[PDB]
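What follows is a single structure, written as structure tokens, with notes after it.
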Amino acid sequence: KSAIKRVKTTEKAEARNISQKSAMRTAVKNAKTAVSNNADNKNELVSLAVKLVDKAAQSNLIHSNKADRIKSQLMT
Amino acid sequence: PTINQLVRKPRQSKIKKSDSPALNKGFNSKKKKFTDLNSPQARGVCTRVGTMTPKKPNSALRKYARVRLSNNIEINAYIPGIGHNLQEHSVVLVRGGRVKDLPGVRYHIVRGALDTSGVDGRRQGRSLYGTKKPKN
Amino acid sequence: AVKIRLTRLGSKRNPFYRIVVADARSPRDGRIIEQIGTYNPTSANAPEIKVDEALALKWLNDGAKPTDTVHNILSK
Amino acid sequence: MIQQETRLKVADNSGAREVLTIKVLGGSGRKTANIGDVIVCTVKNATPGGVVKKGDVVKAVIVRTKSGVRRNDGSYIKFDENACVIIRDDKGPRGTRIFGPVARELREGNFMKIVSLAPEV
Amino acid sequence: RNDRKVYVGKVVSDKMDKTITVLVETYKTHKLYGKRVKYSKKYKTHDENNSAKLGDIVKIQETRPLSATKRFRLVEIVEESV
RNA sequence: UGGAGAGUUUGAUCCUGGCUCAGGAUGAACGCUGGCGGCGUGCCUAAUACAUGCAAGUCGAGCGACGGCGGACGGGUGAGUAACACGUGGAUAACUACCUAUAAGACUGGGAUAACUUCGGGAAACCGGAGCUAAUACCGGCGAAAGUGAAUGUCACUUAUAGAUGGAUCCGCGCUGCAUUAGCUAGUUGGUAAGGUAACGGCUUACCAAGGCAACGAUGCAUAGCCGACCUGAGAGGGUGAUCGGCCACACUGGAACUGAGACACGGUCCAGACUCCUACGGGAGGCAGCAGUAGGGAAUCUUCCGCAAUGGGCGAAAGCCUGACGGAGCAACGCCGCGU
RNA sequence: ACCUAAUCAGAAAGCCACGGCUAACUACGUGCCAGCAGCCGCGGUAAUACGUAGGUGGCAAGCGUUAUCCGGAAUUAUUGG
RNA sequence: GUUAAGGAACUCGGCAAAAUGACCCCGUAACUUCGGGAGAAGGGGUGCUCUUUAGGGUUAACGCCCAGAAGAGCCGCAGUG
Ligand SMILES: [Mg+2]
Ligand SMILES: [Mg+2]
Ligand SMILES: [Mg+2]
Ligand SMILES: [Mg+2]
């Protein structure tokens with residue numbers, strides 16, 4: 001039973017990505033609201049952070065690395 | 001016939017049927033093995049001591065055993081040899097092959113491995129009847 | 001990539017080999033890619049080493065991991 | 001309050017469903033019963049694939065009821081469904097499991113198996 | 001796309017936008033009786049601006065998939081007759 | 001290279017025509033007898049509940065006093081599915097723990113915590129609390145980045161390459177019986193829209209649009225894993241699907257997920273159903289179609305065997321470590337072969 | 001695995017058939033009976049065709065019987081009505 | 001007029017009462033004189049306020065009456081209340 005210790009990573013690895021993912025998407029869900037206003041204040045310098053979390057489809061690899069371009073392919 | 005027609009319908013060949021009906025197929029499943037296939041052999045359980053005759057011109061007497069097989073169905077039989085240590089509801093091995101000039105009997109009760117175990121009275125034709133001689 | 005492998009054949013009390021190469025994902029008995037020639041384990045009324053290094057250099061270019069007792073063939 | 005021709009569910013896997021009531025066992029002229037008395041049921045509906053077939057006089061015990069019982073402390077209890085358990089000739093249930101909360105009243109040293117099979121009591 | 005197989009065949013009917021059916025002929029040999037026999041699968045075909053009508057002989061290239069059996073792609077007009 | 005016949009309707013013929021025998025086979029049974037050297041194959045009938053054993057770990061040159069790679073390969077089975085499941089040739093709309101070839105850069109700055117002693121509750125599965133701590137763990141600037149040790153060398157990190165490797169997908173053809181079954185699907189057929197996965201996509205939804213398929217077998221029933229091969233045959237063909245290899249599906253039953261390079265996961269997992277059994281009756285545990293052995297329907301199929309030396313596979317830089325893959329033995333005339341009395 | 005040296009030809013052989021086919025015959029008991037049978041069927045007072053001993057034939061550490069499949073069956077015939 | 005648990009145990013007999021009831025939808029068997037069966041059966045939805053759009057006629061047109069769709073939201077035990 002050496003997959004007992006594999007379970008303890010599995011309830012532990014859910015927390016890191018689902019925090020990163022839910023912060024990836026609400027930074028992006030507010031972004032297309034900010035891209036619906038386009039005042040260059042609530043959209044600038046966090047859209048590349050919305051692309052840094054779409055670059056954290058390579059850092060936070062729970063979203064797959066080759067799947068980095070499934071959302072970020074339109075705004076920038 | 002014509003090669004045009006042979007394209008439109010092939011030669012659906014002649015079906016044949018088994019000479020001995022009451023064995024060897026997947027029968028009638030009822031959430032258990034309610035009935036099954038016995039390709040060469042089976043068990044039995046007896047129901048009746050049999051005494052009968054041939055019917056064509058012949059006038060002898062024959063001793064069958066009307067049973068119920070291990071798959072709910074009803075067949076006659078025959079004991080080859082001399083001895084009869086059989087009574088009603090005793091286990092009998094089976095093996096196929098009908099008996100001519102008897103009107104409806106079906107198989108042969110194997111005289112070797114059953115309650116039909118061994119038949120004395122025979123000394124030369126032996127392994128057709130299950131009789132031993134450990135000297136030779 | 002691929003790993004250089006000896007397919008064991010042979011009856012009771014008598015093994016015999018055939019030099020093949022495939023990935024470790026493939027098993028020993030079959031799904032083998034190529035064969036650079038036979039290999040002769042027993043030495044009585046039989047040879048002891050057999051290899052053909054023509055199509056063996058085709059697999060050391062894209063990567064190959066020979067087992068450390070198979071490498072004594074190609075060191076000779 | 002059970003009666004002389006009311007219907008009841010059966011709460012076990014004894015091969016039955018809604019059974020009727022024929023008569024309430026006890027004294028004479030008896031007209032009601034409640035949790036923990038025997039009756040005489042008859043099977044009006046059955047699960048095909050059981051050991052009790054439809055149209056067959058069996059006993060039962062009333063296990064739940066919509067009326068309830070009153071305890072020593074004044075606490076009441078009310079279920080929302082009537083149910084019973086087919087019982088054999090000596091006191092023990094015919095089935096194997098029991099699909100519901102039996103009443104807390106049910107045993108007296110007597111039905112020491114029906115309360116040993118419920119999910120909660 | 002750029003280099004795909006070709007099944008030249010008659011155009012049956014233009015019945016919706018961007019959609020026809022281009023029937024082809026195929027005589028297939030039998031297994032043992034030897035005499036050939038016809039089979040005509042009627043494959044649907046996307047065409048660009050309703051360029052086809054009833055009866056044309058065309059040239060077909062394949063593509064990457066679109067929908068249920070819309071799998072071919074019309075190219076030419078060898079015959080523009082009725 | 002190679003291809004036989006005999007019998008029987010009549011008082012007696014020629015013909016048509018059936019039925020019947022000689023022969024080859026069996027992962028056969030059963031009947032009598034019993035010397036084996038040696039080679040192979042031994043659940044085919046209730047998908048009948050599965051005791052007791054072993055089958056997945058490794059790393060003390062991570063780092064403390066869990067952080068990594070592997071459990072997606074491998075070894076069992078045929079209930080399902082008449083289908084790109086399989087066979088066979090064409091096609092690009094995109095997918096690598098690995099393996100490697102060159103080259104880049106392998107910086108900078110932080111803070112939370114298991115094991116551990118006290119804390120209380122449960123018989124238990126064990127949990128809520130508090131002081132303690134590193135990490136190569138974690139975080140910030142058509143965009144992230146790692147260091148470790150016997151003699152700096154070495155060895156993993158990281159990005160773009162392209163080769164092998166590995167999976168995915170629509171397409172031509174091969175793919176059982178019935179027409180005493182003729183109509184059939186409705187998001188069905190199509191555009192358009194944005195969302196949606198490695199990508200195309202009625203892929204799932206929304207307004208319009210009137211089509212799909214079909215007497216060239218569409219639809220629906222019962223039977224079935226399929227090929228390379230095995231059997232018989234002069235051959236053409238007929239019947240078969242077992243050990244042995246390639247591909248496929250499934251895990252007492254019916255769904256759904258999570259980690260990671262490419263699982264809807266056999267030995268993991270949350271839930272729901274029918275069953276076994278224990279607890280303090282508040283709850284929890286169990287899934288031998290892994291290797292064998294017992295139980296069970298049966299006319300019918302075996303040892304609960306030591307063991308990693310050879311070949312193959314994970315991990316490590318190496319000694320080695322677990323390996324029921326396998327190298328071999330224990331038992332039955334079970335089959336051919338050779339051989340004696 | 002192999003192999004030498006020993007008291008010893010001493011422990012180590014069945015099984016089915018035998019009218020016609022089809023390979024292989026005689027004498028009595030029963031005598032349309034216990035039977036036997038792949039078909040013609042042999043049995044009403046023995047009967048080369050039933051049990052028995054003798055005899056022979058076959059194969060041989062194996063012989064027969066069964067159920068199933070292909071050939072015999074040119075009896076689904078394109079090669080071949 | 002209402003009623004706990006049970007629901008024909010009442011009785012010559014479900015006698016009286018209780019339930020079903022409108023419009024708009026999905027769906028509908030045996031049987032036949034081919035019209036019928038059929039309101040077969042069994043099922044779902046309905047209230048008020050706010051935003052957009054496609055529908056007649058009247059009229060030069062603001063104006064007026066007739067209507068049907070999706071979406072968003074609110075409240076009660078219950079929306080042909
Ligand atoms: Mg295993
Ligand atoms: Mg093995
Ligand atoms: Mg009516
Ligand atoms: Mg009516």
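Within each chain, counting starts at residue 1; across the structure tokens, chains are named A, B, ... in the order shown, with ligands numbered 1 upward in that order.
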
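Around ligand 1, using only C-alpha atoms (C1' of nucleotides) and all ligand atoms and a cut-off of 12 Å, the residues in contact are residues 54, 55, 56, 71, 73, 74, 75, 76, 266, 267, 288, 290, 291, 323, 324, 325 and 326 of chain F.
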
List as a tab-separated table (two decimals) with C-alpha atoms, in the first residue's frame the protein and nucleic acid residues near residue 39 (chain C), meaning an atom at most 6 Å away when only C-alpha atoms (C1' of nucleotides) are counted, but skip any in the same chain fewer than 4 places from it.
chain	number	residue	atom	x	y	z
C	17	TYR	CA	18.31	-15.12	-28.78
C	18	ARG	CA	17.61	-12.71	-31.66
C	50	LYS	CA	26.66	-12.93	-33.63

Handout entry: alpha helix (DSSP H) per DSSP on the backbone: members of chain B, as a PyMOL selection string
Key = chain B and resi 3-8

Exercise for the section: Within 12 Å of residue 14 (chain B), counting only C-alpha atoms (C1' of nucleotides), which residues show up once you throw out same-chain ones fewer than 6 positions away? Write them as a list in words, please. Expected result: residues 73, 75 and 76 of chain G

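Residues from chain E that have an atom within 9 Å of chain B, counting only C-alpha atoms, are residues 30, 33, 34, 35 and 37 of chain E.
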
Exercise for the section: Residues up to 10 Å from ligand 4, counting only C-alpha atoms (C1' of nucleotides) and all ligand atoms: could you list those as a PyMOL selection string? Expected result: chain H and resi 29-31+37-38+40-41

Exercise for the section: Skip region 54-70 of chain C itself and residues of its chain fewer than 6 positions away, then list as a list in words all residues within 7 Å of it, counting only C-alpha atoms (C1' of nucleotides). Expected result: residues 1, 2, 3, 4 and 36 of chain C; 99, 100, 163 and 164 of chain F

Could you write out that same residue set with N, CA and C atoms (P, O5', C5', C4', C3', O3' and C1' of nucleotides) as a PDB file, in the first residue's frame?
ATOM      1  N   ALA C   1      13.076   6.500 -26.333  1.00  0.00           N
ATOM      2  CA  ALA C   1      13.213   6.175 -27.748  1.00  0.00           C
ATOM      3  C   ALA C   1      13.123   4.680 -27.981  1.00  0.00           C
ATOM      4  N   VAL C   2      14.275   4.014 -28.061  1.00  0.00           N
ATOM      5  CA  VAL C   2      14.338   2.574 -28.270  1.00  0.00           C
ATOM      6  C   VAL C   2      15.438   1.997 -27.391  1.00  0.00           C
ATOM      7  N   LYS C   3      15.330   0.692 -27.122  1.00  0.00           N
ATOM      8  CA  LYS C   3      16.278  -0.047 -26.292  1.00  0.00           C
ATOM      9  C   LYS C   3      16.628  -1.365 -26.966  1.00  0.00           C
ATOM     10  N   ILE C   4      17.921  -1.675 -27.023  1.00  0.00           N
ATOM     11  CA  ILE C   4      18.410  -2.860 -27.724  1.00  0.00           C
ATOM     12  C   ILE C   4      18.167  -4.090 -26.855  1.00  0.00           C
ATOM     13  N   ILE C  36      18.786  -6.830 -36.181  1.00  0.00           N
ATOM     14  CA  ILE C  36      20.067  -6.620 -36.841  1.00  0.00           C
ATOM     15  C   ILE C  36      20.794  -7.950 -36.970  1.00  0.00           C
TER      16      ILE C  36
ATOM     17  P     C F  99      15.795  11.201 -20.974  1.00  0.00           P
ATOM     18  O5'   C F  99      16.316  10.456 -22.278  1.00  0.00           O
ATOM     19  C5'   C F  99      16.680   9.087 -22.247  1.00  0.00           C
ATOM     20  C4'   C F  99      16.755   8.545 -23.642  1.00  0.00           C
ATOM     21  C3'   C F  99      17.753   9.245 -24.543  1.00  0.00           C
ATOM     22  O3'   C F  99      19.057   8.691 -24.433  1.00  0.00           O
ATOM     23  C1'   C F  99      15.654   9.050 -25.642  1.00  0.00           C
ATOM     24  P     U F 100      20.181   9.362 -23.498  1.00  0.00           P
ATOM     25  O5'   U F 100      19.942  10.929 -23.672  1.00  0.00           O
ATOM     26  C5'   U F 100      20.808  11.722 -24.469  1.00  0.00           C
ATOM     27  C4'   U F 100      20.577  11.486 -25.940  1.00  0.00           C
ATOM     28  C3'   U F 100      21.290  12.428 -26.890  1.00  0.00           C
ATOM     29  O3'   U F 100      22.665  12.111 -27.089  1.00  0.00           O
ATOM     30  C1'   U F 100      19.039  12.162 -27.579  1.00  0.00           C
ATOM     31  P     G F 163      11.570  15.991 -38.152  1.00  0.00           P
ATOM     32  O5'   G F 163      12.408  14.758 -37.597  1.00  0.00           O
ATOM     33  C5'   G F 163      13.580  14.342 -38.274  1.00  0.00           C
ATOM     34  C4'   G F 163      14.430  13.426 -37.435  1.00  0.00           C
ATOM     35  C3'   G F 163      13.757  12.188 -36.882  1.00  0.00           C
ATOM     36  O3'   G F 163      13.556  11.177 -37.852  1.00  0.00           O
ATOM     37  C1'   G F 163      15.122  13.156 -35.222  1.00  0.00           C
ATOM     38  P     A F 164      12.167  10.373 -37.894  1.00  0.00           P
ATOM     39  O5'   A F 164      12.196   9.495 -36.568  1.00  0.00           O
ATOM     40  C5'   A F 164      12.481   8.107 -36.634  1.00  0.00           C
ATOM     41  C4'   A F 164      13.167   7.616 -35.387  1.00  0.00           C
ATOM     42  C3'   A F 164      12.295   6.864 -34.394  1.00  0.00           C
ATOM     43  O3'   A F 164      12.019   5.522 -34.753  1.00  0.00           O
ATOM     44  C1'   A F 164      13.508   8.487 -33.239  1.00  0.00           C
TER      45        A F 164
END

Handout entry: Test item: residues at most 8 Å from residue 61 (chain B), only C-alpha atoms (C1' of nucleotides), excluding those fewer than 3 positions along its chain, as number ranges by chain
Key = B: 51-54

Output C-alpha atoms of each residue in that selection to a file, as a compact mmCIF listing (two decimals), in the first residue's frame.
# COMPACT_ATOMS: atom_id res chain seq x y z
CA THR B 51 -39.63 -53.98 -20.86
CA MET B 52 -40.55 -53.78 -24.54
CA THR B 53 -40.45 -55.44 -27.97
CA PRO B 54 -39.34 -54.72 -31.53

Practice task
Determine, counting only C-alpha atoms (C1' of nucleotides), which protein, DNA and RNA residues have an atom within 10 Å of an atom of residue 37 (chain G); residues of the same chain fewer than 6 positions away are not included. Present the result as a VMD selection string.
Solution key: (chain B and resid 99 to 101) or (chain G and resid 49)

Handout entry: Test item: residues at most 9 Å from region 261-265 of chain F, only C-alpha atoms (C1' of nucleotides), excluding those fewer than 4 positions along its chain, as a PyMOL selection string
Key = chain F and resi 72+95-98+166-167+256-257

Practice task
Give me, as a count of residues only, the contact residues of chain D against chain F at a cut-off of 10 Å, counting only C-alpha atoms (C1' of nucleotides).
Solution key: 7

Practice task
Calculate how many Å separate CA of residue 106 (chain B) from CA of residue 79 (chain B), rounding to one decimal.
Solution key: 11.4 Å

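The space between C1' of residue 241 (chain F) and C1' of residue 28 (chain F) spans 17.4 Å.
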
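Take CA of residue 43 (chain A) and CA of residue 31 (chain A): the distance between them is 6.0 Å.
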
Handout entry: Counting only C-alpha atoms (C1' of nucleotides), the option among G:31, G:80, G:72, G:58 closest to residue 15 (chain G)
Key = G:58

Give me, as CSV, the closest atom pair and its distance (Å, one decimal) for every residue of chain H within a cut-off of 10 Å of chain D, counting only C-alpha atoms (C1' of nucleotides), rows sorted by chain and rising number.
residue,atom,partner,partner_atom,distance
H:4,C1',D:67,CA,8.8
H:5,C1',D:1,CA,5.1
H:6,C1',D:6,CA,5.9
H:7,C1',D:6,CA,7.6
H:9,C1',D:5,CA,6.3
